[PDB]
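Protein chains in written order, with UniProt numbering: chain A, 30 to 352; chain B, 764 to 1241; chain C, 1058 to 1155; chain D, 353 to 740.
Let me begin by presenting the structure, written as structure tokens, before commenting on it.
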Amino acid sequence: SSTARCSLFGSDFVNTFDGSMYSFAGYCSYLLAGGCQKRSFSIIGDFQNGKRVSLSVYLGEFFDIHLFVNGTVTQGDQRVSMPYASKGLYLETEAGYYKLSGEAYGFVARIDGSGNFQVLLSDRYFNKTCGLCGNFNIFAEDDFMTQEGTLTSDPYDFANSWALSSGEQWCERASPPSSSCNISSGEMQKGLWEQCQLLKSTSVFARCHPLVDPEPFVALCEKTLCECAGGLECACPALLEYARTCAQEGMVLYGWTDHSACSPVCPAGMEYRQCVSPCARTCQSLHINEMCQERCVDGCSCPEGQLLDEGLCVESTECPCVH
Amino acid sequence: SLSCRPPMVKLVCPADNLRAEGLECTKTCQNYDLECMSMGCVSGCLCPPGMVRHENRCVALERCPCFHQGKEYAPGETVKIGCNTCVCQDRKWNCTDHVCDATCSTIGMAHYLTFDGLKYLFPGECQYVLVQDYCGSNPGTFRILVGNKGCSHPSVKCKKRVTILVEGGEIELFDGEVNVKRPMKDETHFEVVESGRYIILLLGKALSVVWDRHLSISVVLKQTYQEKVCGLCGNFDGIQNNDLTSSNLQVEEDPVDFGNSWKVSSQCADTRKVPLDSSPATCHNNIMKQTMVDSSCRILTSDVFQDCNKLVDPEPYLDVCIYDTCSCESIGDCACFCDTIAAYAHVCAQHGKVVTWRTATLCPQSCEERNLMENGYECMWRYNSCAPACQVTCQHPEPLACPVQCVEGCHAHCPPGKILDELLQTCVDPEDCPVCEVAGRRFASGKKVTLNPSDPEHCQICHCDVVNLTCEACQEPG
Amino acid sequence: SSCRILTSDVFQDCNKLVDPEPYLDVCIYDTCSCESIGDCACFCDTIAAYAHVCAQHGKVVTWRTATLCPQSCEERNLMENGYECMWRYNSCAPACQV
Amino acid sequence: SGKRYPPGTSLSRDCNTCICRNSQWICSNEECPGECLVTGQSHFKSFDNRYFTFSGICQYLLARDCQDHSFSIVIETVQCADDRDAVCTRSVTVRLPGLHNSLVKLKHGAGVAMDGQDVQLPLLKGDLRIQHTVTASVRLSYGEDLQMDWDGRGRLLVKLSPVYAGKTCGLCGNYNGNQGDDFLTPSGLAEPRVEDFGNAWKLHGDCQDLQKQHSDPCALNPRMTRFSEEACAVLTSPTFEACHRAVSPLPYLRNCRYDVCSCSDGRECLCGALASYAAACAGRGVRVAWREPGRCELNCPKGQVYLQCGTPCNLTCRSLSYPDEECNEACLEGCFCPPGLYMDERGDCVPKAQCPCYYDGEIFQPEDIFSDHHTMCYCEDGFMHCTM
Ligand SMILES: *[C@@H]1O[C@H](CO)[C@@H](O)[C@H](O)[C@H]1NC(C)=O
Ligand SMILES: *[C@@H]1O[C@H](CO)[C@@H](O)[C@H](O)[C@H]1NC(C)=O
Ligand SMILES: *[C@@H]1O[C@H](CO)[C@@H](O)[C@H](O)[C@H]1NC(C)=O
Ligand SMILES: *[C@@H]1O[C@H](CO)[C@@H](O)[C@H](O)[C@H]1NC(C)=O
Ligand SMILES: *[C@@H]1O[C@H](CO)[C@@H](O)[C@H](O)[C@H]1NC(C)=O
Ligand SMILES: *[C@@H]1O[C@H](CO)[C@@H](O)[C@H](O)[C@H]1NC(C)=O
Ligand SMILES: [Ca+2]
Ligand SMILES: [Ca+2]
Ligand SMILES: [Ca+2]
Ligand SMILES: [Ca+2]
Ligand SMILES: [Ca+2]
């Protein structure tokens, strides 16, 4: 292992470092991860109204980046271009999806096109980082230790303990959303129960069970298949997480999106591969090899030829020059 | 339910007595002398009247410890704070009342530590009275001064000048060495010990001075005065808030106006009231650099200082570390940083806590240039962490009144039967010393002093320059 | 001024052979940017990069004193309770040895 | 203070007076009253003008008469926001062995409770008086040698006169002038580590003693690091130029940055720390006008108006009932209303036409003719006109 993983997938949902999900429709900034005795950094996430906007990394006291789906990254308040590499924080784009690496400080963040925060974190902070993605321990039941340090039964007030406010805006205790699903039940539970079920039935998902358990994943979906009207695609967010969670454990899965009738969004020219190398051989590139022994990562990428040049796929013949 | 343990009893709120000081007022050792709140007791179990609770053990007697530094001390156990012992004779330590030797300092370029203990800020550029005795209604024995030049903004600049006026003398120092301009009458008490980094400098029974050859000025007084002085360091009374008693005999609040009263040249420049802010000139609006100095100033809270962090608060010595090196543009000499921690390390040593914090990537302080003149390389010199300051030499064979226990710096060490001389950089046997023993009695190595001024008839003088077994004749008055 | 050690009395032999005007412009470029606080190494390292090149042309130099980039060597003669002190910082000794 | 004065002048500190003669101010050495203070989160002040901090969570002693036992005060601390470095005051207890050996309790509102019983203000018993001050803050007054102040949101004060010189013991120190000894545990020795001093005055053994008092909780909340700079940078801005030469601002700045980063809502934590500085600037003589629509101007209700320096003697309607009583009060700051209007019980203030009477406690309406067999009495305009 030697690593970790958190994920804030879909709408309001969370996945800690230890197999513990819940929902949270926040209202302001909240601390994702970071030390508890002493903080060399702090990954932070801003919610506008339940729905998420920005990932932020405050590197102690002096430096700040505020990336988001908007992609218009900024440093403090001055909007900078992209990519960007100050203070040991390469701010890159991998597989058409945005990345923030802090390997000196022991973390790698990223976002996808839809907006799904992810946080990879070393084994150095085992029993350290206490926050909204919980501690990096082995257990999964005890990873609600509040900013006081208090094992709580509620996955909701916990996330509200780890709030952090600014002068631009002070924020309060958000409220749980009053579910309109409770009255508009109808047929929506009888026909659409299958898309949550196919995590368990289909063979392509029928082999991570000795590594993980889909029982929470199917539990968290059935409450979100009810607000969206007329669509099977409402299941693939909770499903899409289950793919990566098994991938991180050392056991990858293949081609599952072929029949799932849901592919994650990407810009033109590319669609969702699975296990593409991060070192995408592009156009204006030096032909060097056997340095990129990095692990294999998911994300959308170009066709077989059709090399990359400035955020699009273009045929190898039309490689430009530069001056 | 639970039938509580034998040594203590279950108690019950009576319906009549509002004063049900039961379980809520759980007397432990901390709270016994203290007074406690109680609305009503609970369904708990509680030690008897003449007994208490102690870390889950109802300790029988009133012998429980007497906490200092959050640590246990059995009754009769002793501690050493300063120059005093103190023993918890019962539940309360009663300490002695031998007042200890106070100590000024000039931490960095522009700060001052008083006797009673009061860090304050004073960037000056004129010449200033560090301390004196001529204060109101007293004779005026000694008049230590200090003089700075280009030191309102700390930098590689700010060479100090120190002029000390005692016994009608004028000895002064700057640029590495000391200089006598007027020798004082009573040469007997005079003494100079160039041990290590420092210039230890006695002047009498109740006075001493130290100088790190670069900026630090740490005058040391004895029990004798006890409110006989004034100046920048204050009055030496024990009271700490009356160390801003200006020359016009009143307490101020803004120390920049304090020192302006104590300058000598009353027509030179009074310093300017700076707008206060946590960032000096360079660090102002340069938040990046501030955090590289902040972190690097947290050596004052590091694993090696953890013993001294308990005794001596580093929050004073920290604020100076961040104040100087912001202003100071350290380029070739990182001395406006390296000197502030040694000013903390020395104070840690005076409390008996040696520290070795100085490595090769961090303020190295070699000592190898001295083991150079001799073609043979005996190399007896060493940067010893904290070695004694008052040792024996060919120039000063006797044991001296020793105001400072140990000091950092480069120190000689060769095998025994060889005693140091400073002129010949190597150590040497005892007999090679220019020592003097005339008519038997043991004394110094031929001091240049005229003994016996009291009695004319008994004027039996015996000088000794280096070794001479000589005795001069006294000129008669008649 | 402090970068004019590259034109000082001790370098006068090497100033004739190796132009210091290149190595000078770096001395002023780095230490402006560099906020030397505790380690003055972004200054002390640029002159050694000039001193070494002076040595390769056969011109040893001893420019390193106690107020200026000291480079002690005393921590090594420490493990042994006896202090033989056989280690020394000196000018320029054979880079190669057995 | 960097300005000249002619000879023969007599400037007066709060403590005493001093006179210029031959370039030498002569001065008296007569004692003057001390002031222990609690405020903000956990920021203390000793009687000897020391400052420090101790974020312990238990029932601690604050002050006590220690050669005899005329009184004893007990603070109670709790965590007060999400952070661990935020420990505000909830309630303080007072105890008077000279009267019933009673037990007063100031509560987290502006309320008080004697022996469990809630009480309407005022509370004239024999010695101790308890009354509102601005109708937003309680003020105990036992004898003439003791005062207090509100413990609702935690700004406890005291006032001890020099009759208690050096004969008290607690967190607030000896009241002996000496600023150094104040870290003297009850076991009779000066401790250097504050984390040993505060936990030496706790009252319950079950309470956890702490091990480290942190100084920069802005690390655990990096978002507030910027705001804590510009916010309390006005403390040194020349708005407070008038009382840099009255009291040292550097701690009142140091205690801001520990509060604004630590507490749940930094808005009022800011504007309850600035007032901590102005209140001490005014205690020496300098008033400051530091209120703005941005810098936390309080919202006096529509009946009242904001006011800087005013007279809380001719405000309440109880004053006209007992006009003979002395009001040796200062020129205070708060919410008053114009002189033609006097304060009613129900939040509005009214002219003296419908200002009731408080005869024998009894709140009589503006026209209530009133008599037993032998007396004859009536309430005219606030005063109770009795005859016989
Ligand atoms: C999003 O990006 C656009 C284009 O740069 C910009 O105009 C807009 O203000 C940004 N909004 C946010 C939420 O930052
Ligand atoms: C984790 O840290 C806690 C708190 O310091 C400690 O009590 C516990 O033993 C640690 N556990 C492991 C597995 O290191
Ligand atoms: C301390 O108290 C003990 C016991 O009463 C007594 O014997 C001793 O003389 C006292 N020492 C001092 C320094 O007061
Ligand atoms: C040098 O320091 C060492 C280690 O503290 C000590 O053992 C030794 O006695 C010292 N020697 C001298 C000559 O001071
Ligand atoms: C000792 O003093 C005598 C004077 O009495 C002088 O002649 C002689 O040279 C001196 N000897 C030495 C070794 O200084
Ligand atoms: C310095 O090193 C040189 C070259 O090895 C040698 O010739 C010389 O003797 C050394 N000098 C000293 C003082 O060690
Ligand atoms: Ca966990
Ligand atoms: Ca004093
Ligand atoms: Ca000792
Ligand atoms: Ca050669
Ligand atoms: Ca005291």
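Built from N, CA and C at the ideal position, the CB exists for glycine as well.
Report yes if the C-beta of residue i is less than 7 Å from at least one heavy atom of ligand 2; otherwise report no.
i: D:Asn573; result: no
i: A:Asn189; result: no
i: A:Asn156; result: yes
Should residue i be listed as close to ligand 1, given that the test is whether its C-beta is under 7 Å from any heavy atom?
i: A:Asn99; result: yes
Can you find a heavy atom of ligand 6 that lies under 7 Å from the Cβ of residue i?
i: B:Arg1133; result: no
i: C:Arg1145; result: yes
Quick check on this structure: which residue in the options has the alpha carbon closest to the alpha carbon of residue i?
i: residue 715 of chain B; options: B:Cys1234, B:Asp1195 and B:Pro1193; result: Because chain B in this structure spans residues 764 to 1241, residue 715 of chain B falls outside the shown range and cannot be described.
i: D:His460; options: D:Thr445, D:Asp467 and D:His452; result: D:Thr445
i: A:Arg236; options: A:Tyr271, A:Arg34 and A:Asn99; result: A:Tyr271
i: D:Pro544; options: B:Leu1183, B:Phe999, B:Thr866 and B:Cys1071; result: B:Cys1071
i: D:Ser353; options: B:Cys1153, B:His874, B:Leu1012 and B:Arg924; result: B:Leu1012
i: B:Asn1049; options: B:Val1019, B:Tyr1080, B:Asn1147 and B:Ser1090; result: B:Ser1090
Is residue i near ligand 8, going by C-beta to nearest heavy atom under 7 Å?
i: B:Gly997; result: yes
i: B:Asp1192; result: no
i: B:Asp1195; result: no
i: B:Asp975; result: no
i: B:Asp896; result: no
Can you determine whether any heavy atom of ligand 9 sits closer than 7 Å to the C-beta of residue i, and answer yes or no?
i: B:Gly1115; result: yes
Hey, would you say the C-beta of residue i is under 7 Å away from at least one heavy atom of ligand 3?
i: residue 1243 of chain B; result: This structure does not reach residue 1243 of chain B, given that chain B is present from 764 up to 1241, and the question cannot be answered.
i: B:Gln1158; result: no
i: B:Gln852; result: yes
Hey, would you say the C-beta of residue i is under 7 Å away from at least one heavy atom of ligand 5?
i: D:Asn374; result: no
i: B:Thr1213; result: no
i: B:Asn1231; result: yes
i: B:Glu1235; result: yes
i: B:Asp1020; result: no
| query | Near ligand 11, which residues have their beta-carbon less than 6 Å from any of its heavy atoms, given in chain order? | reply | D:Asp400, D:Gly525, D:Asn526, D:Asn528, D:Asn530, D:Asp533 and D:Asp534
| What are the uninterrupted segments assigned as alpha helix (DSSP H) that are 4 or more residues long and contained completely in the region 586-666 of chain D, given in chain order? | 602-612, 618-622 and 626-634
| request: Can you check the region 364-399 of chain D for any beta strand (DSSP E) of at least 3 residues that lies completely inside it and give the ranges in chain order? | output: 369-372, 377-379, 389-391 and 395-397
| said: Taking beta-carbon pairs under 8 Å, can you tell me which members of the region 1120-1133 of chain C lie near chain B? | reply: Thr1122, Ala1123, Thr1124, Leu1125, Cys1126, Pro1127, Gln1128, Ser1129, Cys1130, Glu1131 and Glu1132
| Just the residues with CB closer than 6 Å to a heavy atom of ligand 4, in chain order, which are they? | B:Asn1147, B:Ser1148, B:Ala1150, B:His1174 and B:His1176
| request: Pull out every residue of the UniProt domain "TIL 4" (1146-1196) of chain B whose Cβ sits closer than 9 Å to any Cβ of chain C, in chain order. | output: If you check each beta-carbon in the UniProt domain "TIL 4" (1146-1196) of chain B against every beta-carbon of chain C, the ones closer than 9 Å belong to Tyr1146 and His1176.
| task | Entirely within the region 875-931 of chain B and at least 3 residues each: give me those beta strand (DSSP E) ranges in chain order. | result | DSSP runs (the beta strand (DSSP E)) wholly in the region 875-931 of chain B: 925-927.
| field | Contact set, ligand 7 heavy atom to C-beta under 5 Å | value | A:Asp47, A:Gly163, A:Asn164, A:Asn166 and A:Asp172
| query | What are the complete alpha helix (DSSP H) segments, minimum 4 residues, inside the region 672-723 of chain D? | reply | none
| request: Residues of the region 405-417 of chain D with a CB closer than 8 Å to any CB of chain B: list them in chain order, please. | output: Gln411, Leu413 and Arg416
| Which runs of the beta strand (DSSP E) spanning at least 3 residues fall entirely within the region 933-1016 of chain B, listed in chain order? | 933-937, 940-945, 954-956, 963-967 and 970-972
| task | Could you list the residues in the region 79-95 of chain A with a C-beta less than 9 Å from some C-beta on chain B, going in chain order? | result | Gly89, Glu90, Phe91 and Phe92
| Selection of the region 599-628 of chain D by Cβ proximity to chain B, strictly under 9 Å | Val599, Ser600, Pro601, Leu602, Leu605 and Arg609
| request: Tell me the start and end of each unbroken beta strand (DSSP E) in the region 418-463 of chain D that is at least 3 residues and wholly inside, in chain order. | output: As far as the region 418-463 of chain D is concerned, its whole beta strand (DSSP E) runs of at least 3 residues are 424-431, 439-448 and 454-458.
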